[PDB]
Structure formats: structure tokens, C-alpha cells
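Listed here are the chains, written in short residue letters.
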Amino acid sequence: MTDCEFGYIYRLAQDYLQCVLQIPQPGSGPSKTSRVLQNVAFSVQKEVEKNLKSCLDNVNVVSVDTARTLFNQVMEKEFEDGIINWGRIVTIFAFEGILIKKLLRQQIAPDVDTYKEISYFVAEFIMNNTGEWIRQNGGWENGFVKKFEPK
Ligand SMILES: */C=C\C(=O)N(Cc1ccc(Cl)cc1)c1ccc(O[C@@H]2CC[C@@H](N)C2)cc1
């Protein structure tokens, strides 16, 4: 239902993970909303990775649990001043992209059925901590897309 509920947000986090992993699904392709988010979130992830080269080469992400704990430290720090904006929501997807790259390279017991887990808790955080703001600011089609679509 609607674009601020779990299903829509899970589909966005899923698409972003398939983009980072280089495994887009075959079948009509992603939505306009997803295509704009992928382009802008990836540009941010590239910057975050450069800006944290030492910090990222220190932690090891061997499991879904460890990735959730690391994502929790990030979200707490990112929103420690209490303010929500589109740039910070874009930053959530950039961090899920970095976490799935480290999990693919460091998951002690690999499992291709664990990218869906990361997407799940990312959508869980977005809906429970930013879902009200998103809907009150136009949602994804009249909020996110209008602000970040090509001019
Ligand atoms: C450098 C390790 C550290 O303290 N972490 C843990 C960490 C490392 C790698 C990933 Cl990916 C996820 C978590 C850490 C690093 C950055 C954090 O923050 C971000 C930078 C500022 C804020 N906007 C997000 C939080 C924790």
C-alpha cells in the first residue's frame, strides 16, 4: 500500500542493493523513483567511501547481525542532532550499499540469501524513524523525485 508503507520502501532498498551488487533483475526494470534514488545515493556512497577509507578498512562485517549493529551506530550518529532532511535519507541508502559490499567480501559463511536481510532492516529504520516526515513532505513521487530528478 501507498509509498510511505513498508512494501514500497523495501522495494527501494532491494533495488539499491541489486544496483550495488551488479545484479539488476530482468522484468520491465525499476521505477522512475528507484532510478533517480540509485543515481543520487551512489554518488553519495562514493564520497562516503573516500571520506572514510581508514575507518572502513578497520571493521569486518562477517554477518547480518554485525551489519545491523554497524548500521545502528551510523544511524545514531547521522541523526544525533534530531533533524531529518532528504540528504540524510539518501545517506541511509549509501550506508546500506557500503554494508552489502563489505558483507560480500567479509561474510565468513557466505549466503546469497542475506542481502534481503540488510534491505529489510534498512526499510524498517526508514519507515519507523523517518516515515512520518517523508509522507508530510510529498512522499517519494512528490517529495524525493521532485527534488532530485534531472532538471
Ligand atoms: C570507523 C568505525 C566506526 O566507528 N564506525 C562503525 C562503522 C564502520 C563502517 C560502516 Cl559501513 C558502518 C559502521 C562508524 C563509522 C561512521 C559512522 O558515522 C557516519 C559518519 C558520520 C555520520 N553521518 C555517518 C558511525 C560509525
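The rules behind the values
- Residues numbered from 1 in each chain as written, not as in the entry; some residues may be left out.
- Heavy atoms only, no water.
- Residues with missing side-chain atoms left out of burial classes, pairs and counts.
- Patch = residues over 30% accessible without salt bridge, like charges linked within 9 Å, V, L, I, M, F, W, Y side chains within 5 Å.
- Areas by Shrake-Rupley, 256 points an atom, 1.4 Å probe, with all protein chains shown as cover.
- Salt bridge = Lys/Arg side-chain N within 4 Å of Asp/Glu carboxyl O.
- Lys, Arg positive; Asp, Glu negative; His and termini not counted.
- Charge placed at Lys NZ, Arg CZ, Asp CG, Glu CD.
- Helix = DSSP H or I, 4+ residues; strand = E, 2+ residues; numbered from the N terminus.
- Near = heavy atom within 4 Å.
- Contact = heavy atoms within 4.5 Å.
- UniProt positions renumbered as here; feature names shortened; annotations may be inferred.
- Polar contact = N/O pair within 3.5 Å; in protein donor to acceptor, adjacent residues only side chain to side chain.

**Quick word on a negative patch on the surface**
Step number 1: On the surface, a cluster of negative charge is contributed by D65, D111, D113 and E117.
Step number 2: Positionally, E117 belongs in helix α6 (residues 115–136).

**Notes on the site of the ligand**
Step number 1: Taken together, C55, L56, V59, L70, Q73, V74, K77, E78, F95, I98 and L99 make up all the residues around the ligand.
Step number 2: In isolation the ligand has 590 Å² of accessible area, and contact with the protein removes 74% of it.
Step number 3: Taken together, the elements giving at least two residues each to the shell around the ligand come down to α3 (53–56), α4 (64–78) and α5 (86–106).
Step number 4: With 5 residues, α4 is the single largest residue contributor to the shell around the ligand.

**Description of the environment of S119**
Step number 1: Among the secondary structure elements, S119 is positioned in helix α6.
Step number 2: Taking the C-alpha atoms as reference points, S119 and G29, separated by 90 residues in sequence, lie 18 Å from one another.
Step number 3: Ignoring sequence-local partners within four residues, the contact set of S119 consists of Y10, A13, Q14, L17 and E96.

**Describing the UniProt feature "short sequence motif: BH1" in the protein**
Step number 1: UniProt annotation of "short sequence motif: BH1" refers to residues 77–97 when read in the numbering used here.
Step number 2: What you have in residues 77–97 is 67% helix and 0% strand, and the ends, taken at the C-alpha atoms, are 18 Å apart.

**Thoughts on the environment of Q38**
Step number 1: Structurally, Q38 can be placed in helix α2 (residues 32–51).
Step number 2: Along the chain, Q38 and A94 lie 56 residues apart, while their C-alpha atoms are 9.2 Å from each other.
Step number 3: What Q38 contacts, discounting residues up to four positions off in sequence, is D15, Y16, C19 and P30.
Step number 4: Of the polar contacts made by the side chain of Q38, one reaches the side chain of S34; its length is 2.8 Å.

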